[PDB]
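By the count of the entry's author numbering, the sequence shown reaches residue 1411 at its end, each step adding exactly one. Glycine included, each C-beta is placed from N, C-alpha and C at the ideal position.
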Amino acid sequence: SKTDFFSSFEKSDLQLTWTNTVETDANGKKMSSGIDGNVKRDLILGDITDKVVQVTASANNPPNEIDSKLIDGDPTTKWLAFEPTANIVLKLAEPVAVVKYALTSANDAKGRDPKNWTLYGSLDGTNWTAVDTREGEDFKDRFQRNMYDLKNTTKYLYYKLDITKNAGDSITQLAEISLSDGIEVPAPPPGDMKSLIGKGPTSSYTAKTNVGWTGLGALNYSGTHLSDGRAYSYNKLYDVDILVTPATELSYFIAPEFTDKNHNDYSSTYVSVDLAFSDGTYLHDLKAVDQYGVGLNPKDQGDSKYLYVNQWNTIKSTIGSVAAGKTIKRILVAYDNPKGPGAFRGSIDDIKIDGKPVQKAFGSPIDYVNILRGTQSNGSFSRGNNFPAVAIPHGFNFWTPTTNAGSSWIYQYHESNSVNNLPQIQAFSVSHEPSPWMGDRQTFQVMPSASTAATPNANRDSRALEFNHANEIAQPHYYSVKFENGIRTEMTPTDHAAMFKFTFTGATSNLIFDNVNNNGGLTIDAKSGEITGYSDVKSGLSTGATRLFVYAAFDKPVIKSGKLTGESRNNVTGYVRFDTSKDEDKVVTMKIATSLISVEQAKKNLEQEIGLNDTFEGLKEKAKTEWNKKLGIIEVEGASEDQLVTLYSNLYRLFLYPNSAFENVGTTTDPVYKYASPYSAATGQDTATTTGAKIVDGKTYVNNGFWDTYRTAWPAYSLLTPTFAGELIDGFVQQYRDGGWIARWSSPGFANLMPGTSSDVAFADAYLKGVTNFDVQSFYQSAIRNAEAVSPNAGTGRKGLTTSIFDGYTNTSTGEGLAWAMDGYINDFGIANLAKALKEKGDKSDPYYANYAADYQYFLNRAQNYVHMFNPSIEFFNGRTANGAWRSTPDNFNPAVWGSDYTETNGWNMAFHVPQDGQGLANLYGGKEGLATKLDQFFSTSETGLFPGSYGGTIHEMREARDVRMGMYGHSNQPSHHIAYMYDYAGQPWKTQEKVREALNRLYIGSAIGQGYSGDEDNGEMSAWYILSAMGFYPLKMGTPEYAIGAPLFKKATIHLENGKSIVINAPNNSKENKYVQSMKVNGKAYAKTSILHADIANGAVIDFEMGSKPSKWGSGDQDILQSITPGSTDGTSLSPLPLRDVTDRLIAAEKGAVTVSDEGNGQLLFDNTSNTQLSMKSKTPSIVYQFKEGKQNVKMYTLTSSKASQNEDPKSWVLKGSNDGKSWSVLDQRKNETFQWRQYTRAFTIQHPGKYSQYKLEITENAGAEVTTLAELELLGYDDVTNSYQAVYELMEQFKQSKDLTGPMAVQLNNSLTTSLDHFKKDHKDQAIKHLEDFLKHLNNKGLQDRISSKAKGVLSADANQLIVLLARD
Ligand SMILES: OC[C@@H]1[C@@H](O)[C@H](O)[C@H](O)c2nccn21
Ligand SMILES: OC[C@@H]1[C@@H](O)[C@H](O)[C@H](O)c2nccn21
Ligand SMILES: [Ca+2]
Ligand SMILES: [Ca+2]
Ligand SMILES: [Ca+2]
Ligand SMILES: [Ca+2]
Ligand SMILES: [Ca+2]
């Protein structure tokens, strides 16, 4: 007998042996329980409709208004045909004598209702006996059901409703048909689970509905799970005789569907293909496993959560492993689910059994790369939302097929398939799209055509050419498609150019040129066989995008040529025609290059990169080589095929962005680099052949949202490609030197989207890791501009800075102000560490040098300002209104609700937004244990996607987050990406290990069918998450050169570093299940810590993980956790310490402070916490005095914010003085010859001789030249009196004495030591105050006294004492 079997459930395939039929056991008992297959419906007397197994109408209106809709029991779904007449054929399971039927009219357009019809009956389906005629029928209402009786005792297997006249329209429609046999059943029995050949998915996020995976047919299953507990049904499909061999693979495609309004019932995933063997055993009893390791049985399919609902899923199982030598007697479909009630529905297509499968071979990393990942994905549900980008790493152009030539939605894997269910290309495009949301720009289009008409038609629909994915090769360096009609197109990239081979079958062959829309030009010089063009195409968010120029040449004479018309694209549509009658002329080659400078430059770009000697194959090899140099930085052992696809495709995505936007205007020997600026104003107007944009010397790179890429991609560069990273960074620093700012979202200029200015942290982070090959000085300037200087541009700097730099938080007056705020504090963390590093560098030629020290202090403080956005009443980060009040209170708050404060997520997902200081974050939650409790709750509460909040309706990010099914964890999007690693701060690293492994395992699947990710990939970010996590470490603390340890994915990984050394990562015992770190070594030596320095791996290292299947305590020690700014000893403090703040804040209004100016101006404008108010003081030489009415203030720093007015009015030299009486002043700080290069720009100064004073005076000794002196704001940055903290501890100690948590000599000794400490503090004896607090701690740990304190009390009092020491040390 045979070893192979295949069904696509087509017309041409074998029909099912049984339909809707349950398999029976050895005893003849149905293998089903608690199931109802019947569709829910309004039943008529003797309703028989459930025996209809097939309905076929003469014409249809796919995707939604097809014959299928006639028996689905929903009046809301209809069949429609664009015809005045038609016939519907109903095939029944068994012959029945129909004696009654009902038609139901549809939703609208009464004229389309049937009016005259005949019902026929048949035995064979070709010879028809009339059984009822109706004429002149009327349906008064929409959704109206008419009932019809007839005499008939003849059992028939087919019924035809022949609709001979409708109600006058040229279109016909009907919502529902029901048939009846006239026999009463007062109690309709449950029917068997449905299993029948149908049209495929009735709903799908990402695929074409009502077609198969391939072809027009599939197997459809559905039913109702009635039971509270287990329900199942194993149904037989096909009678076969198939011998299984050791190598036999079973594969299939399954598309489970949601049957509920809420898209929360996952029942449809509890399904698999099953086999009945001749020996009386079933595949579901053997330990067959899929490509993910999941049992190939229904229960394990559903429990393991690898099947996505409303999407197609590829499944593959080597049943040979477990069933070699058995014979398959029947193929089954099985549903089996432990819990309900619920309901399910889905499709299976392409059940294949292959006795001798051929495995794919791979010669090098690039052979693993599928550039189609992220294309069975759209705006309803993303599996990456990429496009098939062919390019060199970081190339100047992308090249790509498009199935939608008007759109930034460039290529659909399945969604836009033809009536024959094949994809259609409409063009090959030059592209610069960073994402579909940002949109495409600078595009240009060609399409081959075998048209013989006088003129090739340039209409998108009519020129489109169908193809099969099996005939398409899609790689970074090579794309190839063979179309159904015999044409082949192949392309390969250069940096600025590309080569295409068009191979034809006919005598007359054409290339059609076109564009996304009419905003460009085409010039065809037929005589020299050249194309010339320009493109102004640019999406809404393509801010600063300039004109692109195109040049192209052919290897064959062009015989006919010209402009085309009729598409409303007359500026861009034309063609060239070639004589390809002779065999050696059947392939035509086009060489094509692009420029943002000029047509002349496009020409020069082409000559530089495609010499006369270059061939298609030579260029392809050059591109393959450039990709392998990137892909082969990482080499792993033990990986499956699926893992290597994911790994190497991830590395491709990582290096696809960002992109060169500069050109070589000199020669290959002597390069001269220049770019057209999307950053500053155009020099002048464009011409057809030359750009008007400013031509700027040097390099630049583009296409990057820092809100995405800072998390993973940028640190990936700094680790994997240190040297190139610096060239990339400098190309972004260029944006500062040119346009004044570094882009927040470069697309290619300053596009306005997403919160934060994370170039700050990304580039700071890179520098501190030893990527020093860029203009750090300018970078720094751009960072402080982001951090200190209000932006006039919508697309640059930090929104809400007007108030936020003074308030310590960003208020709800800025959209998603919380989001701006939290990312602000992380950026400040990086700016601060860089300032420290530049201080230590000591470059005295840096004009800014004297200022680094101060900036470190000020910025490290700002990094801790997260406290100002932590709402203590709900224990979540939360917005504040302008007046200071929390947005939410316990009564109204819901952490499940998306939006408002929370960009593209909910409060849950922003609960942990403090990667720069985990201990500080833990403290807000009560300590490490409190942090862990919060995370646990996060990971065990399911995201339902039902809470859109401010988004109004469902956005795709919500569906994706829902389908992660890791509690609330939104791995589908960037703002959650740090969360799994936060367990390293809580001292539970095993939970990080668990979550990271689930993420790597389940959320990067489906590559083979154009899926591959759990949501939008975003310019390398989702990819680098996987690459870094799989190595076993992760840059959690962006802005400081070290990683948090997770666990490696592979038995071995090597990172070949550019300096010739290796990072080897050994985990010989690694496996799907062995996910937990048991112990760890670095360089032969046992390693205890869950952090590792970049400086320890960058010069090579050997890392050994002992992996096992059970959690361990490795890395849970108090000094083994990730360290923070906040000391570990403070864990669990009852105090709420603050970093530097402006101690004048809010005093004036509460009358606890006031201000006087030497000229009697309103000095309140200098302390109102807004740079939108300034004071002009009528003197070159004014004085401001701030008076604290409630005692001495410990001020460490102060800030001056330049005004909006001219720079000449600025302070320039000054003295800050302190006093206690107002008569006698001490000199605290002196500055000379200061400047404020920007407007509304804050500068911070470290007071040379600080102390505690009740009165502060700023005495301006010199200004910048004008007759007046103007400022916007002043601040006195200091700390609260430590005394108030001591007080809070006495208070707490009293609470414990009253509860008897603290008694006897322990109470007394603690009291004494604290009091002696306090007394020393008040006499300015800092060292002695600390020493007595150390005594306090010794008491707490006195062995003789443990029966006098509870653990609760000992714990918090310890933490408090240590917190006090910290408060003291900084005082
Ligand atoms: O083109 C027919 C379409 C229908 O498919 C749709 O259901 C609706 O009834 C309608 N109103 C006007 C036109 N149409
Ligand atoms: O594509 C640009 C931005 C991204 O940078 C970001 O990841 C965000 O999730 C998003 N959703 C739609 C568009 N975008
Ligand atoms: Ca099929
Ligand atoms: Ca219907
Ligand atoms: Ca995103
Ligand atoms: Ca203030
Ligand atoms: Ca002000």
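Nonlocal neighbours in the same chain, by C-beta distance under 7 Å from residue i, ignoring five residues either side
| i | result |
| --- | --- |
| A765 | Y757, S758, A806, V811 |
| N1248 | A1304, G1305, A1306 |
| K1153 | none |
| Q1118 | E1146, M1147, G1148, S1152, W1154 |
| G1231 | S1294 |
| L1240 | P1251, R1283, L1311, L1314 |
| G1203 | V1195, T1196, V1197, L1215, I1224 |
| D202 | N127, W157, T158, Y160 |
Candidates the options: closest to residue i by CA position
| i | options | result |
| --- | --- | --- |
| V742 | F402, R182, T731, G789 | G789 |
| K626 | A716, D407, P154, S549 | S549 |
| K879 | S787, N260, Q1163, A893 | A893 |
| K1366 | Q1349, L1162, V1406, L1342 | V1406 |
| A514 | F589, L646, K660 | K660 |
| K567 | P488, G602, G546 | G602 |
| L1205 | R1186, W1254, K1192 | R1186 |
| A1039 | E1098, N457, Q683 | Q683 |
| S475 | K1129, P718, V1183, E1057 | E1057 |
| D314 | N304, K596, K327, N302 | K327 |
| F45 | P102, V95, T285 | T285 |
| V93 | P102, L85, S108 | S108 |
| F438 | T634, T495, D279 | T634 |
| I552 | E512, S502, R587, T740 | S502 |
| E512 | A504, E506, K522, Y518 | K522 |
| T169 | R152, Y198, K1031 | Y198 |
| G1027 | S1131, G86, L219 | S1131 |
| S1012 | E1000, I1019, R1005 | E1000 |
Residue environment, residue i, which counts as buried when at least 16 other CB atoms sit within 10 Å
| i | result |
| --- | --- |
| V225 | exposed |
| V676 | buried |
| residue 1417 | One cannot answer for residue 1417 here, as it falls past the ends of the chain, which runs 41 to 1411. |
| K1229 | exposed |
| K1362 | exposed |
| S1111 | exposed |
| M487 | buried |
| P1015 | buried |
| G386 | buried |
Residue i: CB within 7 Å of a non-hydrogen atom of ligand 3
| i | result |
| --- | --- |
| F49 | yes |
| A258 | yes |
| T249 | no |
Residue i Cβ short of 7 Å to ligand 5 heavy atom set
| i | result |
| --- | --- |
| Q1014 | yes |
| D1056 | yes |
| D883 | no |
| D748 | yes |
Heavy atom of ligand 1 within 7 Å of residue i beta-carbon
| i | result |
| --- | --- |
| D148 | yes |
Cβ-based neighbour list, residue i, same chain, cut-off 8 Å, excluding 5 preceding and 5 following
| i | result |
| --- | --- |
| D268 | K379, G380, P381 |
| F656 | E530, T532, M539, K541, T629 |
Residue i Cβ short of 7 Å to ligand 7 heavy atom set
| i | result |
| --- | --- |
| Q482 | no |
Closer than 7 Å: residue i CB and nearest ligand 2 heavy atom
| i | result |
| --- | --- |
| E512 | no |
Beta carbon nearer than 7 Å to a non-hydrogen atom of ligand 4: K109, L110, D112, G113, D114, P115, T116, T117, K118, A215, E216
So if I measure from each beta-carbon to every heavy atom of ligand 6 and keep distances below 6 Å, which residues remain? Ordered along the chain, the selected set is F846, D1182, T1184, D1185, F1207, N1209, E1315.
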